[PDB]
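Report on one structure; see the data block that follows.
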Amino acid sequence: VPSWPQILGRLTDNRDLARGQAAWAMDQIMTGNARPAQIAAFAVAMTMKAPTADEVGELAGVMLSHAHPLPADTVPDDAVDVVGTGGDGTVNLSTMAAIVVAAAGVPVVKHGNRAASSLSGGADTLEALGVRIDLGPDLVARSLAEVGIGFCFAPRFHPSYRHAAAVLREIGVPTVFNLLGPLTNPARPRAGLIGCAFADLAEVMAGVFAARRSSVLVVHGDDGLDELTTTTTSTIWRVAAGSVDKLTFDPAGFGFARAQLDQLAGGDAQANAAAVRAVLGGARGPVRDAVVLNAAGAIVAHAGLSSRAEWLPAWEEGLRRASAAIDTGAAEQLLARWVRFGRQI
Amino acid sequence: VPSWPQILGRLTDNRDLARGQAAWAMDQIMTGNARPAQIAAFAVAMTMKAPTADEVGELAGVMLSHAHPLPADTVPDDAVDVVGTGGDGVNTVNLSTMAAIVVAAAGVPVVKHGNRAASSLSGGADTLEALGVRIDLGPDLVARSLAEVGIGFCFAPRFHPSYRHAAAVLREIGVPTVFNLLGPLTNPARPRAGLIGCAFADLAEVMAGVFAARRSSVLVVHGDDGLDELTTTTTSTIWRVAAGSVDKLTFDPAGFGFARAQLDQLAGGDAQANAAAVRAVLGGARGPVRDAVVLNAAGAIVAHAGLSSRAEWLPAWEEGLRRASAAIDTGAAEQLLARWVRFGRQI
Ligand SMILES: O=P(O)(O)OC[C@H]1O[C@H](OP(=O)(O)OP(=O)(O)O)[C@H](O)[C@@H]1O
Ligand SMILES: [Mg+2]
Ligand SMILES: [Mg+2]
Ligand SMILES: [Mg+2]
Ligand SMILES: [Mg+2]
């Protein structure tokens, strides 16, 4: 009933897939039953034909059903993710924002890869900071228990994605597959701060999150950043109670001086490492501001699990707690505790 | 300057390529420097972004410039081709191939380009091969076939060996792309006229565009029933290409007295079955198959007339129908096929 020619032909006719087809196509790829030419066609055609939440949801689902889980009852019910799609065109604001959030006591489980794969970045910079990025399910859990944060290395948790990843490296261009990182976190946290460079596709990511009933803020800086920016306003899709809701967000309302795009910027892994140490050590400046802002974001999303949570006080509490996790040195200390953890195994 | 991410990114942005990019891409493909994923992505991306005449011409041109030519001065200025894209999803009898033989028998030089089937049960080359005709001849001997029989057959895999890299890849995706247009645009003998079949109603105008740029006299045809031939079951759309301009027409056989046929009457089988249908028609069997053969054959004869400006549409069709029918009725077509087989076995 399903088949590659059927599905590819339907995509090249500019038609949404029937429900199930996207899933079948991803399952073919996962099971190794997909020629690298079919993977490539699907990936491009799914992109040029504007992909829908259901379709993206089916891809992420199938991927997740082949992924290694974390052991039962080790992921707190209120964990969050802090991550972006990448393809921005930075300093690793997410990485820092994630450390600050965990430091404030919100459990964080992150998903990522090394740069230029379809499943997000940040592992390089984490590796340059001394953190062990590729641990199995059991140790990611133990890290989340002992440290307050764990990192799920995509190759480790999605070994069947191998093929799709190789193919996508060669076409060397953004596709619908670049949305899968935030959506295929093996630990399935119910909250998060999710950045997206591709503005059209943010609302699609948001809808996938709505269907999971997650409490998530998908964020797009109106300067094109895959984070909440301080260059200008941002667009936020507030995902709550299964509903999506598009908003405009201006950090001026909380006293954030406008910064230039090129101050939140210019980062290879060894440099990004140094920016983290600078900033976690108290270096004031536009990078700190944007880390503080995005961390508050994740903490607001965490508050949104409560369902009695109000938007503006949630942001103040968020800004307050992230500021304090930095200024107390709890964040710097958490990073250190994270590195030590990785050495004591 | 140019790269796969540059070119693939532009296409995915739903943007027309810059001049030279399509050519660079096709040239990477032809020389073996393109990865399978790059090829598939390009072909699919180029299809979903409506491709332009310039783009398809650059693909076709790179291909031609890598193909094996026929020798100097062996192709008449007025040679015609009779060939389609294939991929109509109907396994009809081989209309183009039967048309080609009739046309050569009317005294119009035919240099046909061809291939085995990709989806149907028997392609032109398959059916020709089943008849005793040699499909695998090289350039020199294709030239000699044309001189001695009046017809030559250029087997695409033989003249376009560097297409091998794109062939396997495109087969694997199993869906038609812009690449499915190249066969009829890459006849290595570069004849200036033809009747060119297109299975895809939405890409047929682009093919006409490519032919218009070369200043060929060509009718690009699509049956409104989906045939990559002139049909007899209904009307056909014709992009007439002449003096560098394209001109869209609708064509109705009823006007030249043709009864409406049913698609299943034009249906065919494997290479042996399709070879028996050619023998039946060239033998004088009246009926719908013959009807469609005569019709297309006139079609090509009209494209041939169109090499000369001041040829008029109606009298050229009428003259075309007389000559196609006569070619069959006098035994001339049936004899040329025999001479053609004889020629193969005598080298
Ligand atoms: O496999 P398909 O996609 O169905 O295509 C069937 C055939 O039609 C095309 O050529 P040609 O113009 O010689 O067609 P003919 O069979 O009508 O002679 C193509 O080269 C195939 O041989
Ligand atoms: Mg990020
Ligand atoms: Mg970023
Ligand atoms: Mg044909
Ligand atoms: Mg046909």
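Chain lettering (A, B, ...) mirrors the order of the structure tokens, residue numbering begins at 1 for each chain separately, and ligand numbering begins at 1 in order of display.
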
Contacts from chain B to chain A, 6 Å maximum, only C-alpha atoms: show me the residue list as a short mmCIF file (atom, residue, chain, number, x, y, z; two decimals) with C-alpha atoms, in the first residue's frame.
```
data_model
loop_
_atom_site.label_atom_id
_atom_site.label_comp_id
_atom_site.auth_asym_id
_atom_site.auth_seq_id
_atom_site.Cartn_x
_atom_site.Cartn_y
_atom_site.Cartn_z
CA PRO B 5 25.38 23.31 -1.49
CA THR B 12 15.31 24.53 -2.41
CA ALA B 37 22.77 11.93 -3.01
CA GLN B 38 23.86 15.06 -4.90
CA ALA B 40 19.04 12.72 -6.65
CA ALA B 41 18.70 15.99 -4.72
CA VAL B 44 14.23 16.28 -7.46
CA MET B 48 9.79 20.80 -7.86
CA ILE B 173 14.27 7.00 -6.84
CA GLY B 174 11.64 5.49 -9.17
CA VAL B 175 9.83 8.78 -9.84
#
```

Quiz item: Which residues form the shell of 10 Å around ligand 1 when you count only C-alpha atoms and all ligand atoms, given as a ChimeraX atom specification?
Solution: /B:81-100,112-128,155-156,176,180,183-184,195-199,227-229,268,274,293

Same residues, N, CA and C atoms, output as a short mmCIF file (atom, residue, chain, number, x, y, z; two decimals), in the first residue's frame:
```cif
data_model
loop_
_atom_site.label_atom_id
_atom_site.label_comp_id
_atom_site.auth_asym_id
_atom_site.auth_seq_id
_atom_site.Cartn_x
_atom_site.Cartn_y
_atom_site.Cartn_z
N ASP B 81 13.70 13.08 -36.08
CA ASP B 81 13.65 12.09 -35.03
C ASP B 81 12.20 11.87 -34.67
N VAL B 82 11.91 10.67 -34.17
CA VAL B 82 10.61 10.28 -33.64
C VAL B 82 10.79 9.52 -32.33
N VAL B 83 10.58 10.20 -31.22
CA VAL B 83 10.95 9.72 -29.91
C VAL B 83 10.22 10.49 -28.81
N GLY B 84 9.94 9.80 -27.71
CA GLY B 84 9.26 10.43 -26.59
C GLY B 84 10.01 10.20 -25.30
N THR B 85 9.57 10.90 -24.27
CA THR B 85 10.09 10.74 -22.92
C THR B 85 9.81 9.36 -22.35
N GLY B 86 8.72 8.74 -22.79
CA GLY B 86 8.22 7.56 -22.10
C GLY B 86 7.64 8.00 -20.77
N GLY B 87 7.20 7.04 -19.96
CA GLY B 87 6.64 7.32 -18.64
C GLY B 87 5.18 7.77 -18.66
N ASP B 88 4.43 7.37 -19.68
CA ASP B 88 2.99 7.65 -19.72
C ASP B 88 2.17 6.67 -18.86
N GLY B 89 2.79 5.59 -18.39
CA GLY B 89 2.16 4.65 -17.46
C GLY B 89 1.17 3.72 -18.13
N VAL B 90 1.23 3.68 -19.46
CA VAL B 90 0.41 2.81 -20.28
C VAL B 90 1.44 1.98 -21.05
N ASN B 91 1.29 0.66 -21.12
CA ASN B 91 2.21 -0.09 -21.99
C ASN B 91 1.60 -0.30 -23.38
N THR B 92 1.57 0.79 -24.13
CA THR B 92 1.05 0.79 -25.49
C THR B 92 2.03 0.05 -26.39
N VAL B 93 1.58 -0.27 -27.59
CA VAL B 93 2.48 -0.71 -28.65
C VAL B 93 3.46 0.45 -28.93
N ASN B 94 4.57 0.14 -29.59
CA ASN B 94 5.63 1.12 -29.84
C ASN B 94 5.35 2.09 -30.99
N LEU B 95 4.59 3.14 -30.71
CA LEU B 95 4.10 4.02 -31.77
C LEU B 95 5.20 4.82 -32.46
N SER B 96 6.08 5.45 -31.68
CA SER B 96 7.20 6.19 -32.21
C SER B 96 8.07 5.34 -33.15
N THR B 97 8.34 4.10 -32.74
CA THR B 97 9.21 3.21 -33.49
C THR B 97 8.58 2.81 -34.82
N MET B 98 7.28 2.54 -34.79
CA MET B 98 6.53 2.22 -36.00
C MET B 98 6.39 3.44 -36.92
N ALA B 99 6.25 4.59 -36.31
CA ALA B 99 6.17 5.86 -37.03
C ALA B 99 7.49 6.10 -37.75
N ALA B 100 8.60 5.94 -37.03
CA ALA B 100 9.94 6.15 -37.58
C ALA B 100 10.16 5.35 -38.84
N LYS B 112 16.85 8.00 -35.34
CA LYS B 112 16.05 7.83 -34.16
C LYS B 112 16.96 7.59 -32.95
N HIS B 113 16.60 8.19 -31.82
CA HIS B 113 17.34 7.99 -30.58
C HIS B 113 16.44 7.11 -29.74
N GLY B 114 17.01 6.27 -28.90
CA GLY B 114 16.17 5.31 -28.21
C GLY B 114 16.76 4.59 -27.03
N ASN B 115 15.86 3.89 -26.36
CA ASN B 115 16.24 3.14 -25.20
C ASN B 115 15.29 1.97 -24.95
N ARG B 116 15.75 1.05 -24.10
CA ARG B 116 14.90 -0.02 -23.57
C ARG B 116 13.82 0.62 -22.71
N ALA B 117 12.83 -0.16 -22.29
CA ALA B 117 11.79 0.42 -21.42
C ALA B 117 12.41 0.74 -20.07
N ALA B 118 11.78 1.65 -19.34
CA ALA B 118 12.06 1.85 -17.92
C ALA B 118 10.91 1.32 -17.05
N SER B 119 9.70 1.28 -17.61
CA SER B 119 8.48 0.96 -16.85
C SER B 119 7.50 0.09 -17.65
N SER B 120 7.20 0.52 -18.88
CA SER B 120 6.44 -0.30 -19.84
C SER B 120 7.08 -1.67 -20.09
N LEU B 121 6.35 -2.56 -20.75
CA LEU B 121 6.80 -3.96 -20.95
C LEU B 121 7.84 -4.12 -22.05
N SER B 122 7.79 -3.27 -23.07
CA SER B 122 8.79 -3.26 -24.13
C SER B 122 8.99 -1.86 -24.69
N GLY B 123 10.23 -1.38 -24.64
CA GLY B 123 10.60 -0.11 -25.26
C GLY B 123 10.93 -0.27 -26.73
N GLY B 124 11.15 0.86 -27.40
CA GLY B 124 11.54 0.87 -28.80
C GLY B 124 12.73 -0.03 -29.08
N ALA B 125 13.81 0.18 -28.35
CA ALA B 125 15.00 -0.64 -28.57
C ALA B 125 14.73 -2.15 -28.35
N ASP B 126 13.94 -2.45 -27.33
CA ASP B 126 13.56 -3.83 -27.04
C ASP B 126 12.84 -4.38 -28.25
N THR B 127 11.80 -3.67 -28.69
CA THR B 127 11.01 -4.10 -29.83
C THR B 127 11.81 -4.15 -31.13
N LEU B 128 12.65 -3.15 -31.38
CA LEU B 128 13.56 -3.22 -32.52
C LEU B 128 14.42 -4.51 -32.43
N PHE B 155 21.30 4.23 -29.98
CA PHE B 155 20.95 3.64 -28.72
C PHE B 155 21.62 4.47 -27.66
N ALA B 156 20.83 5.11 -26.81
CA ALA B 156 21.39 6.10 -25.89
C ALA B 156 22.56 5.57 -25.03
N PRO B 176 9.55 10.10 -11.90
CA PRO B 176 10.08 10.89 -13.01
C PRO B 176 10.53 12.29 -12.59
N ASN B 180 14.03 12.93 -16.99
CA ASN B 180 13.24 12.17 -17.95
C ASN B 180 13.00 12.94 -19.26
N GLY B 183 16.40 12.41 -22.80
CA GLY B 183 16.47 11.46 -23.91
C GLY B 183 16.10 12.12 -25.24
N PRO B 184 14.93 12.78 -25.28
CA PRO B 184 14.58 13.33 -26.58
C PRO B 184 15.36 14.59 -26.92
N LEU B 195 9.33 14.74 -34.25
CA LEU B 195 8.09 14.63 -33.50
C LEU B 195 8.46 14.03 -32.16
N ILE B 196 8.28 14.85 -31.13
CA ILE B 196 8.80 14.60 -29.80
C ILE B 196 7.66 14.42 -28.79
N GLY B 197 7.61 13.25 -28.18
CA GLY B 197 6.53 12.90 -27.26
C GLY B 197 6.89 13.24 -25.84
N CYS B 198 5.93 13.77 -25.09
CA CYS B 198 6.14 14.15 -23.69
C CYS B 198 4.98 13.64 -22.85
N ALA B 199 5.30 12.83 -21.85
CA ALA B 199 4.31 12.20 -20.99
C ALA B 199 3.74 13.16 -19.96
N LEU B 227 -0.93 10.16 -23.30
CA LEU B 227 0.07 9.53 -24.18
C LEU B 227 1.23 10.46 -24.54
N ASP B 228 2.44 9.92 -24.57
CA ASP B 228 3.58 10.67 -25.08
C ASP B 228 3.68 10.52 -26.58
N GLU B 229 2.53 10.51 -27.25
CA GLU B 229 2.40 10.40 -28.71
C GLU B 229 1.18 11.22 -29.08
N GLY B 268 -0.22 -2.90 -25.69
CA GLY B 268 0.76 -3.87 -26.16
C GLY B 268 1.32 -4.71 -25.04
N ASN B 274 5.00 -6.98 -29.10
CA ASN B 274 5.15 -5.69 -29.75
C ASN B 274 5.83 -5.79 -31.11
N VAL B 293 -0.31 4.96 -35.94
CA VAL B 293 0.99 4.98 -36.62
C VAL B 293 0.98 6.02 -37.75
#
```

Practice problem: For region 50-67 of chain B, work out the shell of residues within 9 Å, counting only C-alpha atoms and skipping chain neighbours fewer than 5 positions away, then give it as a PyMOL selection string. | Solution: chain B and resi 14+16-27+30-31+159-163+178-179+181-183+185-188+190+202-203+205-211+213

Quiz item: Which parts of region 89-269 of chain B does DSSP call helix (DSSP H, G or I) when run on the backbone here, written out as a PyMOL selection string?
Solution: chain B and resi 95-105+124-130+139-148+156-159+161-173+178-185+204-214+253-256+263-266

Those residues you just picked out, can you put them in a file as a compact mmCIF listing (two decimals), in the first residue's frame with C-alpha atoms?
```txt
# COMPACT_ATOMS: atom_id res chain seq x y z
CA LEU B 95 4.10 4.02 -31.77
CA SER B 96 7.20 6.19 -32.21
CA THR B 97 9.21 3.21 -33.49
CA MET B 98 6.53 2.22 -36.00
CA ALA B 99 6.17 5.86 -37.03
CA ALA B 100 9.94 6.15 -37.58
CA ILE B 101 9.98 3.23 -39.97
CA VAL B 102 7.02 4.61 -41.95
CA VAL B 103 8.64 8.03 -42.11
CA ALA B 104 11.98 6.65 -43.45
CA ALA B 105 9.94 4.74 -46.00
CA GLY B 124 11.54 0.87 -28.80
CA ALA B 125 15.00 -0.64 -28.57
CA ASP B 126 13.56 -3.83 -27.04
CA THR B 127 11.01 -4.10 -29.83
CA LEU B 128 13.56 -3.22 -32.52
CA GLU B 129 15.92 -5.91 -31.08
CA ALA B 130 13.15 -8.54 -31.14
CA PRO B 139 28.63 6.16 -34.86
CA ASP B 140 30.22 5.07 -38.15
CA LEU B 141 27.82 2.22 -38.68
CA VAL B 142 24.82 4.34 -37.64
CA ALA B 143 25.96 6.74 -40.38
CA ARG B 144 26.16 3.81 -42.85
CA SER B 145 22.73 2.50 -41.83
CA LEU B 146 21.28 5.97 -42.55
CA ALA B 147 22.94 6.10 -45.97
CA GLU B 148 22.04 2.62 -47.09
CA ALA B 156 21.39 6.10 -25.89
CA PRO B 157 23.55 3.93 -23.60
CA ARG B 158 25.91 3.48 -26.59
CA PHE B 159 26.35 7.23 -27.35
CA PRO B 161 28.29 6.28 -21.70
CA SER B 162 28.95 9.10 -19.23
CA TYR B 163 25.20 9.17 -18.38
CA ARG B 164 25.84 5.81 -16.53
CA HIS B 165 26.32 7.60 -13.20
CA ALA B 166 22.95 9.37 -13.43
CA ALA B 167 21.17 6.27 -14.83
CA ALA B 168 21.50 3.97 -11.84
CA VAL B 169 20.76 6.78 -9.36
CA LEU B 170 17.58 7.94 -11.14
CA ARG B 171 16.26 4.40 -11.44
CA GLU B 172 16.53 4.05 -7.62
CA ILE B 173 14.27 7.00 -6.84
CA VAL B 178 13.48 16.73 -15.22
CA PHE B 179 16.03 14.10 -16.27
CA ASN B 180 13.24 12.17 -17.95
CA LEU B 181 13.27 15.00 -20.53
CA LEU B 182 16.84 14.53 -21.69
CA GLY B 183 16.47 11.46 -23.91
CA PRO B 184 14.58 13.33 -26.58
CA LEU B 185 16.83 16.39 -26.21
CA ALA B 204 6.26 19.80 -22.36
CA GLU B 205 6.43 23.59 -22.86
CA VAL B 206 9.97 23.64 -21.40
CA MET B 207 11.07 20.93 -23.92
CA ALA B 208 9.62 23.06 -26.73
CA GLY B 209 11.57 25.97 -25.27
CA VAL B 210 14.80 23.96 -25.48
CA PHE B 211 14.07 22.98 -29.09
CA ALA B 212 13.09 26.60 -29.95
CA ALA B 213 16.52 27.81 -28.74
CA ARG B 214 18.24 25.38 -31.21
CA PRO B 253 -7.85 13.64 -35.60
CA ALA B 254 -11.62 13.82 -36.29
CA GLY B 255 -10.78 16.73 -38.64
CA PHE B 256 -8.75 14.43 -40.93
CA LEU B 263 -6.91 3.28 -25.09
CA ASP B 264 -6.94 -0.52 -24.60
CA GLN B 265 -6.91 -0.92 -28.45
CA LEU B 266 -3.44 0.72 -28.58
```

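Taking only C-alpha atoms into account, residue 302 (chain A) lies nearest to A:190 out of the set A:212, A:340, A:190, A:15.
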
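Environment of ligand 2, defined as every protein or nucleic acid residue with an atom within 8 Å of it and counting only C-alpha atoms and all ligand atoms, comprises residues 82, 83, 84, 85, 86, 92, 93, 94, 95, 120, 121, 122, 194, 195, 226 and 227 of chain A.
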
Any chance you can output those residues with N, CA and C atoms as an mmCIF file, in the first residue's frame?
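Result saved to selection31.cif:
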```
data_model
loop_
_atom_site.group_PDB
_atom_site.id
_atom_site.type_symbol
_atom_site.label_atom_id
_atom_site.label_comp_id
_atom_site.auth_asym_id
_atom_site.auth_seq_id
_atom_site.Cartn_x
_atom_site.Cartn_y
_atom_site.Cartn_z
ATOM 1 N N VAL A 82 17.106 22.633 26.378
ATOM 2 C CA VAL A 82 17.502 23.949 25.882
ATOM 3 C C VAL A 82 18.369 23.692 24.657
ATOM 4 N N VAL A 83 17.870 24.067 23.493
ATOM 5 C CA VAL A 83 18.471 23.676 22.236
ATOM 6 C C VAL A 83 17.902 24.493 21.073
ATOM 7 N N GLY A 84 18.664 24.552 19.978
ATOM 8 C CA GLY A 84 18.207 25.157 18.716
ATOM 9 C C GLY A 84 18.399 24.266 17.505
ATOM 10 N N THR A 85 17.681 24.590 16.435
ATOM 11 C CA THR A 85 17.807 23.863 15.187
ATOM 12 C C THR A 85 19.166 24.099 14.572
ATOM 13 N N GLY A 86 19.785 25.225 14.909
ATOM 14 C CA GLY A 86 21.004 25.645 14.247
ATOM 15 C C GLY A 86 20.667 26.205 12.875
ATOM 16 N N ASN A 92 27.767 29.685 21.802
ATOM 17 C CA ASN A 92 26.769 28.681 22.152
ATOM 18 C C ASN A 92 25.953 29.218 23.330
ATOM 19 N N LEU A 93 24.934 30.019 23.007
ATOM 20 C CA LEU A 93 24.046 30.593 24.009
ATOM 21 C C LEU A 93 23.232 29.496 24.673
ATOM 22 N N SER A 94 22.857 28.480 23.901
ATOM 23 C CA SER A 94 22.077 27.369 24.425
ATOM 24 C C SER A 94 22.795 26.603 25.508
ATOM 25 N N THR A 95 24.051 26.265 25.239
ATOM 26 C CA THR A 95 24.915 25.516 26.146
ATOM 27 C C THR A 95 25.027 26.208 27.508
ATOM 28 N N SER A 120 21.176 19.073 15.458
ATOM 29 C CA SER A 120 21.619 20.133 16.376
ATOM 30 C C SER A 120 23.105 20.052 16.770
ATOM 31 N N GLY A 121 23.620 21.148 17.338
ATOM 32 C CA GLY A 121 25.020 21.240 17.811
ATOM 33 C C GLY A 121 25.236 21.293 19.338
ATOM 34 N N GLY A 122 26.432 21.760 19.722
ATOM 35 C CA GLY A 122 26.787 22.026 21.137
ATOM 36 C C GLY A 122 27.736 21.009 21.778
ATOM 37 N N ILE A 194 13.164 26.162 22.658
ATOM 38 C CA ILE A 194 13.490 25.548 21.377
ATOM 39 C C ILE A 194 13.665 26.638 20.335
ATOM 40 N N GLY A 195 14.890 26.777 19.863
ATOM 41 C CA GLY A 195 15.178 27.829 18.917
ATOM 42 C C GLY A 195 15.096 27.282 17.513
ATOM 43 N N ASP A 226 18.465 31.644 16.112
ATOM 44 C CA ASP A 226 17.772 30.473 16.677
ATOM 45 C C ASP A 226 17.796 30.456 18.215
ATOM 46 N N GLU A 227 17.778 31.646 18.800
ATOM 47 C CA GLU A 227 17.657 31.856 20.226
ATOM 48 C C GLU A 227 16.765 33.073 20.374
#
```

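With only C-alpha atoms as the atoms that count, the residue of A:288, A:209, A:151, A:114 with the shortest distance to residue 131 (chain A) is A:151.
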
Practice problem: Tell me which protein, DNA and RNA residues are within 7 Å of residue 295 (chain A), counting only C-alpha atoms, leaving out same-chain ones fewer than 2 positions away, and put them as JSON, numbers by chain. | Solution: {"A": [97, 98, 100, 101, 291, 292, 293, 297, 298, 299, 322]}

Produce a file of the selected residues containing N, CA and C atoms, as a PDB file, in the first residue's frame.
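Writing done, so here's selection.pdb:
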```pdb
ATOM      1  N   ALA A  97      23.030  28.720  28.565  1.00  0.00           N
ATOM      2  CA  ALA A  97      21.670  28.870  29.085  1.00  0.00           C
ATOM      3  C   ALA A  97      21.249  27.587  29.794  1.00  0.00           C
ATOM      4  N   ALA A  98      21.678  26.447  29.249  1.00  0.00           N
ATOM      5  CA  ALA A  98      21.384  25.126  29.827  1.00  0.00           C
ATOM      6  C   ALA A  98      22.070  24.882  31.163  1.00  0.00           C
ATOM      7  N   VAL A 100      22.983  27.247  33.262  1.00  0.00           N
ATOM      8  CA  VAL A 100      22.434  28.195  34.216  1.00  0.00           C
ATOM      9  C   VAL A 100      21.101  27.669  34.762  1.00  0.00           C
ATOM     10  N   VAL A 101      20.249  27.209  33.859  1.00  0.00           N
ATOM     11  CA  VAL A 101      18.975  26.618  34.184  1.00  0.00           C
ATOM     12  C   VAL A 101      19.111  25.456  35.172  1.00  0.00           C
ATOM     13  N   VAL A 291      22.382  35.074  27.501  1.00  0.00           N
ATOM     14  CA  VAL A 291      22.335  33.795  28.221  1.00  0.00           C
ATOM     15  C   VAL A 291      21.258  33.886  29.313  1.00  0.00           C
ATOM     16  N   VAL A 292      21.286  34.972  30.060  1.00  0.00           N
ATOM     17  CA  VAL A 292      20.312  35.188  31.130  1.00  0.00           C
ATOM     18  C   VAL A 292      18.897  35.127  30.559  1.00  0.00           C
ATOM     19  N   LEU A 293      18.672  35.856  29.478  1.00  0.00           N
ATOM     20  CA  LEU A 293      17.371  35.906  28.808  1.00  0.00           C
ATOM     21  C   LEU A 293      16.859  34.524  28.364  1.00  0.00           C
ATOM     22  N   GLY A 297      13.969  31.950  29.746  1.00  0.00           N
ATOM     23  CA  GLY A 297      13.020  31.357  28.815  1.00  0.00           C
ATOM     24  C   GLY A 297      12.691  29.927  29.168  1.00  0.00           C
ATOM     25  N   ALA A 298      13.734  29.109  29.259  1.00  0.00           N
ATOM     26  CA  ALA A 298      13.596  27.724  29.686  1.00  0.00           C
ATOM     27  C   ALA A 298      12.927  27.619  31.056  1.00  0.00           C
ATOM     28  N   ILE A 299      13.258  28.494  31.988  1.00  0.00           N
ATOM     29  CA  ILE A 299      12.608  28.420  33.302  1.00  0.00           C
ATOM     30  C   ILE A 299      11.103  28.792  33.208  1.00  0.00           C
ATOM     31  N   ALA A 322      18.038  32.828  37.055  1.00  0.00           N
ATOM     32  CA  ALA A 322      19.184  32.671  36.151  1.00  0.00           C
ATOM     33  C   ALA A 322      20.311  33.653  36.473  1.00  0.00           C
TER      34      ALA A 322
END
```

Quiz prompt | 8 Å contact set for residue 294 (chain B), only C-alpha atoms, chain neighbours under 4 positions out, as a PyMOL selection string | solution = chain B and resi 99+102+290+298+321+324-325
